[PDB]
Number of protein chains: 2
Amino acid sequence: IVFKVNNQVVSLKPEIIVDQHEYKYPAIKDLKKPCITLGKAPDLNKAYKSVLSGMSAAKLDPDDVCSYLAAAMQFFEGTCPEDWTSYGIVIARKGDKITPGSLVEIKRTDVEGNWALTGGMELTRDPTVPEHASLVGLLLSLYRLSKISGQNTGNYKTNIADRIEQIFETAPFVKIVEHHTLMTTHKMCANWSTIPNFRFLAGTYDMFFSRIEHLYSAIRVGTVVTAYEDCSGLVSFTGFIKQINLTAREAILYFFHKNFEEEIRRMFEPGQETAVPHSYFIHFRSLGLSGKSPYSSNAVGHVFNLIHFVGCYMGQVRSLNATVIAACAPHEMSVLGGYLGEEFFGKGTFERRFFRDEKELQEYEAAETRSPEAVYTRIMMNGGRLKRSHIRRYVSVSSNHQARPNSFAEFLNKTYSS
Amino acid sequence: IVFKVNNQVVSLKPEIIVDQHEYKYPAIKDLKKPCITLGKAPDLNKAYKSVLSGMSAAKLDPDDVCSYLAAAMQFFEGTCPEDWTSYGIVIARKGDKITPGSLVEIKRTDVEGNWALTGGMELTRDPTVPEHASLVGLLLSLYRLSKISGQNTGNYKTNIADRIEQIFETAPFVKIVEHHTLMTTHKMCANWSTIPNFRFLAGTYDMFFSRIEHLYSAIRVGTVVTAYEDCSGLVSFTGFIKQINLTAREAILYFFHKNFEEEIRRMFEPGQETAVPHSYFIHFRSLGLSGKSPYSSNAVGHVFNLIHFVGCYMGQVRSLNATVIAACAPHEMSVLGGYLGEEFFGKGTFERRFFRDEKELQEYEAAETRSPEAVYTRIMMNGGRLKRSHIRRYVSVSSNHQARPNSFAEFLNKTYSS
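About the cut-offs
- Note on numbering: residues are counted from 1 along each chain in the order of its written sequence, which can differ from the entry, and residues with no coordinates are hidden.
- A letter from A marks each chain and a number from 1 marks each ligand, given out in the order of writing.
- Values throughout refer to the chains shown here, themselves only part of a larger assembly.
- Values reported for side chains reflect all heavy atoms of the structure, with hydrogen atoms and water molecules removed beforehand.
- In what follows, residue pairs with any heavy atoms lying within 4.5 Å of each other are defined as contacts.
- Buried area: the sum, over both parts, of the accessible surface (1.4 Å probe) that disappears when the two are put together.
- Any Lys or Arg side-chain nitrogen found within 4 Å of a carboxyl oxygen on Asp or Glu counts as a salt bridge.
- A run of H or I in DSSP becomes a helix once it reaches four residues, and a run of E becomes a strand once it reaches two; helices and strands are each numbered from the N terminus.
- When residues are grouped by polarity, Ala, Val, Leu, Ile, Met, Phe, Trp, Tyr, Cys and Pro land in nonpolar, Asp, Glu, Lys and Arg in charged, and all others, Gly among them, in polar.
- Note: domain ranges come from an automatic or database domain assignment.
- Exposed residues in this analysis have more than 50% of their type's maximum accessible area, buried residues have under 20%, and partly exposed residues fall in between, with area computed by a 1.4 Å probe over protein chains only.
- A fitted line through C-alpha atoms serves as each axis, taken over the contacting stretch for helices, and the angle formed by two N-to-C directions is quoted from 0 to 180°.
- Here is the rule for handedness: rotate from the far helix to the near one, and if that takes an anticlockwise turn smaller than a right angle the crossing is left-handed, while a clockwise turn gives right-handed.

## Some details on the interface of chain A and chain B
Now for step 1: Taken together, the contacts link 58 residues of chain A with 53 residues of chain B.
Now for step 2: Taking both sides of the interface into account, the surface hidden between chain A and chain B amounts to around 4900 Å²; carbon and sulfur atoms contribute 57%.
Now for step 3: Summed over the shared surface of chain A and chain B, the result is three salt bridges.
Now for step 4: Among the ionic pairs, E261 of chain A bridges to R353 of chain B, the shortest N-O distance being 2.8 Å.
Now for step 5: Secondary structure elements with two or more residues in the side of chain A that touches chain B: α6 (181–188), α10 (248–253), α11 (260–267), α14 (330–344), α16 (372–381) and α18 (408–415) of chain A.
Now for step 6: Of the residues contributing to the side of chain A that touches chain B, the split by class is 32 nonpolar, 14 polar and 12 charged.

Right, dumping it as structure tokens:
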């Protein structure tokens with residue numbers, strides 16, 4: 001490991017660079033439901049009144065909003081269709097009625113909440129359950145709005161806010177926040193995604209409504225972002241598998257580089273309920289046991305870059321607009337992506353599977369090539385160098401598409417200009 | 001220094017030239033936290049009103065601002081995720097709530113600050129913590145604006161300032177300076193970066209926010225520049241290793257020149273926590289424990305030139321816009337960079353790594369080449385001279401780029417243009 005130079009005698013200097021990598025995996029070994037600390041429980045009706053005026057008033061109170069959401073969890077409840085097996089916890093069983101309050105553990109402190117209201121609320125009567133659901137959904141949409149941000153997002157950040165208001169102004173929800181109050185409140189509260197309790201609650205809501213069909217399931221429009229949070233690498237891989245029409249296993253066979261080993265191991269920890277249809281895993285980054293996600297595009301950077309380099313070769317716009325992981329050797333990944341993309345672009349593996357009669361099937365059963373080995377030898381024949389055609393294709397895809405600043409398209413344009 | 005000149009009779013004269021630097025390193029043997037000397041403790045809210053008025057009035061006193069920032073450090077607290085030790089053991093332990101004041105030692109004298117209310121702006125009540133956070137962030141951001149001075153950077157300074165302002169005008173921060181105040185104070189506070197106490201505090205804030213997540217973590221946007229300050233050489237090297245997909249040791253093997261020796265020793269001196277994730281080293285220049293950085297692009301001039309010259313050949317925009325160190329033999333660096341980039345552009349080292357069966361793995365084990373020796377011989381064969389292809393690539397990259405004043409792109413264009 002030490003590498004040596006001589007000045008007058010031999011020096012043998014060691015090379016030290018920082019490359020720390022610590023990733024926590026999501027699993028419940030203690031059998032404990034995720035826990036957050038909250039304020040004093042308010043009167044449901046009084047809480048609804050305070051938050052409605054505060055929202056109309058463009059006044060943001062973190063403690064009040066989260067406490068209100070926890071109280072509202074009692075309103076939304078449904079019986080569980082089937083027995084629910086998670087990370088050793090089975091809070092839901094078939095024929096058992098469940099609520100958001102039962103799925104997670106919330107710690108309530110008797111410390112009084114401020115429940116202060118700037119004003120703008122004229123309602124003199126106790127709120128109905130739908131009014132409660134309409135307000136609950138709007139806050140969760142504030143969270144999704146915070147995640148948006150970006151640049152050149154004009155007439156897009158406004159659009160998503162408009163969609164949210166439209167859902168909660170129509171049945172089963174009732175319009176309580178006039179128009180454009182949600183957009184302007186977001187301008188006042190654009191960084192609310194940072195708050196942990198707000199994020200945790202959105203994740204709890206999304207998990208319950210995804211599991212149980214509900215009258216107010218449309219509130220999920222705000223909480224949809226919580227699903228597969230900070231897991232784009234795992235999500236990109238699953239999509240890559242489907243777009244390429246391969247099995248996860250065969251797909252990994254094409255990964256002809258040493259760097260993939262660490263990432264493949266990282267994203268496939270033993271167990272982890274990745275395969276489980278409904279599990280804590282989908283919302284692990286929200287809720288608890290998050291840590292830093294080992295599934296993020298950065299954690300699995302080489303696989304991510306290869307997937308989207310392949311995607312650009314195939315003209316997938318999603319890959320064209322994805323932001324490249326600059327650290328994880330994008331140049332080598334683009335070369336492998338060129339060979340993989342050429343193999344998979346415009347080619348399919350077809351076999352007769354439908355026959356008129358059983359005897360015809362038997363005859364077909366008694367009776368250039370797509371394989372990892374074939375691709376590898378092809379790469380070796382060219383000395384591990386891109387073919388000129390790969391370069392042309394890459395250049396043609398990047399030049400016609402509009403390139404975002406840190407996108408794969410921009411990298412392809414800058415890297416190959418001829 | 002041997003030399004012979006011939007007049008009517010032969011005469012000998014020696015030559016004389018001068019060059020020498022110190023390059024003191026950051027590690028501290030006394031294990032004493034960095035110390036800054038400031039004035040008498042500020043009057044809480046009174047220091048806040050004076051500096052905020054000064055902001056709207058674009059008149060600020062450096063000593064007072066520093067005392068206010070030191071006092072505001074107590075406001076920001078977070079629990080420490082992991083036990084923390086840098087150089088001599090840091091007091092911070094896992095699960096311990098800490099302040100920025102705990103990271104550096106702050107020394108106060110009997111002399112009191114002017115805390116004058118220069119601006120006509122008035123606040124009826126004592127300020128809330130968010131207001132304090134909003135002011136602390138806006139004050140710190142002047143440091144970043146002070147650093148980004150140069151030719152043609154006007155529209156860009158305003159864009160970063162607008163991003164700064166919108167962060168601190170929206171939650172969890174509150175708008176206290178309206179708009180364009182930040183730019184006008186920067187006009188009068190352009191050289192605030194030179195002020196030692198101001199730099200010391202910014203670095204302390206950045207160290208605290210990097211380790212501990214906080215609601216007001218957005219304050220880091222001003223102090224991000226403090227991290228790895230004046231260590232661009234080392235930063236360029238570590239990226240070069242990752243982009244090129246080399247083990248760092250292997251990368252140094254490719255540096256085929258006598259000049260690299262001094263620089264390689266300079267940047268890899270042991271005993272400096274170049275190997276620790278959250279050490280004082282990352283903010284060493286900002287903090288007191290520093291000298292001229294032996295890690296600066298100038299201190300490691302040849303390595304820096306070689307890295308970005310290879311980067312330019314591979315189309316790395318960062319390298320295209322980096323400013324070349326003219327003293328450190330750029331032409332020779334470009335030639336070597338040309339060969340190295342030729343080796344690394346468009347080529348990858350690919351090997352089958354994933355198999356369905358262990359037997360399959362063993363069979364693949366039973367079964368133009370990238371090596372330092374091959375590259376050195378190739379250079380030797382062409383007599384240490386750039387190939388025509390090297391020149392074409394260099395010109396193609398440089399010409400199809402908006403060459404900056406003293407950038408590598410400019411050096412390439414001026415040097416090889418026919």
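Next comes the rest of the write-up.
## Overview of the domain arrangement of chain A
Often, the extent of an interface is quoted as the loss of accessible area on bringing the components together.
Residues and elements named next belong to chain A.
Now for step 1: Along its sequence, chain A is carved into domain 1 (33–225) and domain 2 (228–417).
Now for step 2: Across the boundary between the two partners, domain 1 contributes 20 residues, which contact 14 residues of domain 2.
Now for step 3: Buried area between domain 1 and domain 2, both sides added, is near 1500 Å², and the carbon and sulfur share of it is 55%.
Now for step 4: The largest contributions to the domain 1 side of the interface with domain 2 come from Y87, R199 and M207, which together make up 42% of the buried area.

## Quick word on the pattern of salt bridges
All names here are of chain B.
Now for step 1: Throughout the structure, instances matching the rule amount to 42 salt bridges over all chains.
Now for step 2: With a closest N to O distance of 2.9 Å, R285 and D230 form a salt bridge. You can see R285 sitting in the loop between α10 (260–267) and α11 (301–313) and its partner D230 sitting in the loop between α7 (220–223) and α8 (232–244), a full 55 residues away along the chain.
Now for step 3: Among the residues examined, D230 registers a relative accessible area of 27% and is labelled partly exposed.
Now for step 4: Put simply, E342 and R378 hold a salt bridge, and the shortest N to O gap is 3.1 Å.
Now for step 5: A relative accessible area of 15% places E342 in the buried class.

## Re the packing of helix α4 (residues 129–148) of chain A against helix α7 (residues 196–211) of chain A
The angle between the axes and the distance between the axes are what describe a pair of packed helices.
All names here are of chain A.
Now for step 1: Following both chains from N to C, one finds α4 and α7 inclined at 115°, their axes separated by 10 Å at the closest point. Our pair here, α4 against α7, has a crossing hand that is left-handed. Contact residues: α4 offers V136, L139, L140, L142, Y143 and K147, while α7 offers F198, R199, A202 and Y205.
Now for step 2: Split by residue class, the contact of α4 with α7 holds eight nonpolar, no polar and two charged.

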